[PDB]
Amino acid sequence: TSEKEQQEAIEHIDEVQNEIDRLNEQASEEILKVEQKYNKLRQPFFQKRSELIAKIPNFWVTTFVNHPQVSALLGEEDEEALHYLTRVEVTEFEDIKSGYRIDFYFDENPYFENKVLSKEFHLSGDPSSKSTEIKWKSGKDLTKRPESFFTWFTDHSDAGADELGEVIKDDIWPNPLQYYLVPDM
């Protein structure tokens, strides 16, 4: 093959591979549309699940206590605070890549005045996170002398390496029932 002919072939290959890239980019769009369709399709069922969960005392504290990774993040008084956690929600943003948000809904409690505690994650791919400010009632669990579970809300250094955020989103939220249930004899 000629020295020119090879560079002609390389030019042809580049043109063929641009169309394969186009075909790949169009497939990954169609796939994201399918995820967006089933995100809305599942959301009423998660809505139904939350209502049933809210009639089960200590559901979410128990799931967390029996989870192999999250259990180690809970102190003694953290569990007392999580008693008041009635509802956990996870919301992927529409385009999915943008990021996701996690909501912890609390009943009136001795620790803080917030009705909801949230932590959201954002992505070019520049990982960031931002949380609601916890209005503690002169009983901050993070300024008492182990590190409290609730410091997670004020931690933003890892952002893209937020392990707990990923475990709640990918593991606990899809199926919390496995951890709540304890096999008896």
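Note that residue numbering begins at 1 and tracks the sequence as displayed.
- Counting the deposited residues that fall between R145 and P146 and carry no coordinates gives a value of 10 or more.
- Unmodelled residues of the deposited sequence between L117 and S118: none, the chain being continuous.
- Taking only CA atoms, the mean B-factor in the PDB entry is higher for 25 to 33 than for the other of 53 to 61 and 25 to 33.
- Checked against the record, the higher mean CA B factor of 89 to 97 and 76 to 84 lies with 89 to 97.
- Across the options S157, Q69, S124, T151, the residue with the most elevated CA B-factor in the record is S124.
- Among the modelled residues of its chain, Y38 has a C-alpha B-factor that falls in the highest third according to the deposited record.
- When all modelled residues of the chain are sorted by CA temperature factor, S138 is found within the highest third.
- For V182, the recorded CA B-factor ranks within the middle third of the chain. Only modelled residues enter the ranking.
- Ranked by C-alpha B-factor against the other modelled residues of its chain, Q47 falls in the highest third.
- In the deposited entry, the Cα temperature factor of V16 places it in the middle third of its chain's modelled residues.
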